[PDB]
Amino acid sequence: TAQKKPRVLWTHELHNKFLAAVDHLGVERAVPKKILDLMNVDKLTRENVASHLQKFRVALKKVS
């Protein structure tokens with residue numbers, strides 16, 4: 001009994017694992033390559049998690 005989405009791309013679920021995986025490694029030294037194993041999801045590569053990370057810093061620069 002539970003949802004049934006094929007290959008989760010970015011849902012509240014895949015977001016909870018990427019959050020506890022970065023925190024578990026310290027967002028300061030947490031890399032997307034090692035966390036890529038934390039996800040262990042199909043269709044998920046290290047360049048996909050490294051893009052959302054570099055996109056946040058950009059969203060952190062100009063914030064009004």
# chains A, B, ... in the order shown; residues from 1 in each chain; ligands from 1
>>> residues_around(residues="residue 21 (chain A)", least_positions_apart="5", cutoff="9 Å", atoms="only C-alpha atoms", output="count of residues only")
7
>>> select_by_dssp(residues="chain A", states="alpha helix (DSSP H)", output="VMD selection string")
chain A and resid 12 to 25 32 to 39 46 to 61
>>> residues_around(residues="residue 44 (chain A)", least_positions_apart="2", cutoff="12 Å", atoms="only C-alpha atoms", output="PyMOL selection string")
chain A and resi 7-10+14+18+32-33+35-42+46-51
